[PDB]
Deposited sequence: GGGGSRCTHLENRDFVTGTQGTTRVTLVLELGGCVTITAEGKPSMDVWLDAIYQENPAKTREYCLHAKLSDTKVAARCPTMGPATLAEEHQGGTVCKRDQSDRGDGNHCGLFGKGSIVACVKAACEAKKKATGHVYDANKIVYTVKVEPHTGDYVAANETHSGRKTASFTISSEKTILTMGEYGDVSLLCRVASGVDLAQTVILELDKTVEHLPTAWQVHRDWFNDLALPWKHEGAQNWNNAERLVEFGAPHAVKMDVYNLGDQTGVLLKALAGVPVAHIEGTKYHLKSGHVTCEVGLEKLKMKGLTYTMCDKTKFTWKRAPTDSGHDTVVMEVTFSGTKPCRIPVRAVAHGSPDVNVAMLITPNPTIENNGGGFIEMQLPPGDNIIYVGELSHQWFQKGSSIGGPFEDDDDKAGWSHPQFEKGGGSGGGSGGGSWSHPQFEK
């Protein structure tokens, strides 16, 4: 088996005079809570997924330019200026210079003549760095509730109830079988600052990343929008040669996918399940309204501080948070005594836990996710300790 589901505490709910019970739940991504009533079967409530189905395409950058139909026009020093039809056309890069002219290139007077070279600038197939922006109100927070048996893939779980939430959508009523009609009011909260977030995706090893807004907008590469035929700032990959009598060569600066991947090393990888653009960080704080029932609350005792060992040493989660796993040898179940101090002051708690109630359960438990301030810090799990260095906030590598 192995269930992380945390039993409901007495402090989390209040029973009114008129028989109404207001159960307050903190549901992180993957985090489960067991709610039980006197005589009614145990129900597991959890936040299943945080995602946005196919978000808007902001900017698409060209990594490798597709140059075609290059034309060079030139005239004698006494004759008029050299002109091309591509100069007043879209998706073309043109350069105007002066070429040395004489009798060797058939011109009556020795001097400088007008020369212009134009090339149709486009993008090579499967060589685009597309960007995606999240719409805060469009992100779905799937909350699922099932009884505390295994059922096949095609068949559905008996008693399973699905309730999706957003910033705009907050209240829904569920017919939770034995519990009757329950009012679910789930407050949505993202674990990623969506405002300063862009999903950099390459045409189909990682091919999608969660990059910063400021890093993305300042990429020195030709860009365009979803629907546009031509490329803006196409000269970023076009290099013109020296102007000869009637010839002016055009050079491609080459592929920039390798230059991009080097700067994208260490950048948090984006999670795309088909069309669903998932966010691996975030939570949902719900307030369940129950009627005509007595709630069964189980308050936790503190775990033995001396009986703790590291199952998995504190490491980076991959979304600016710290993850750790602990092994407890004492009596189960209990509440994990977890805190942290910044190197210098050992009396002020600096731990900002993502896990609302870290507990050692009868079956499983022991997973702790937390936020720590930058610099050298010491994480304490009772008597058990570990030094962690949190890296400072960054937008990305230089380009």
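- Several segments of the deposited sequence have no coordinates for C-alpha: 1-2, 151-152, 209-212, 408-443, numbered from the first residue.
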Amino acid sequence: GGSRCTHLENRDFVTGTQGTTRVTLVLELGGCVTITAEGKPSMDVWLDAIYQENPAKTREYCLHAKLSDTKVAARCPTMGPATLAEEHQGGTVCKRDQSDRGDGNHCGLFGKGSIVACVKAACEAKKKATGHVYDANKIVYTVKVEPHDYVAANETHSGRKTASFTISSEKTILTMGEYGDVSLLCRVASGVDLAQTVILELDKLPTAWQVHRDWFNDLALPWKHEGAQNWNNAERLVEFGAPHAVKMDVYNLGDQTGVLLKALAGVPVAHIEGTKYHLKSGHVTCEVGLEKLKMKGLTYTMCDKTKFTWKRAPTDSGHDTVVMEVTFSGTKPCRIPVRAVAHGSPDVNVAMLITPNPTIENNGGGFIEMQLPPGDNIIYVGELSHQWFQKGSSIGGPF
From here on, numbers count along this sequence of modelled residues.
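- For the pair 243-251 and 325-333, the record assigns the higher mean C-alpha temperature factor to 325-333.
- When the mean C-alpha temperature factors of 96-104 and 195-203 are read from the deposited coordinates, 96-104 comes out higher.
- Between the residues 288, 167, 129, 76, it is 76 that shows the highest Cα B-factor in the PDB record.
- By the numbers in the PDB entry, the CA B factor is greatest at 309 among 309, 257, 233, 142.
- For residue 18, the recorded CA temperature factor ranks within the highest third of the chain's modelled residues.
- Ranked by Cα temperature factor within the chain, residue 59 sits in the lowest third according to the deposited record.
- Split the chain's modelled residues into thirds by C-alpha temperature factor. Residue 53 is in the lowest one.
- Among all modelled residues in this chain, the alpha-carbon of residue 110 has a temperature factor (C-alpha) in the highest third.
- When all modelled residues of the chain are sorted by CA temperature factor, residue 277 is found within the lowest third.
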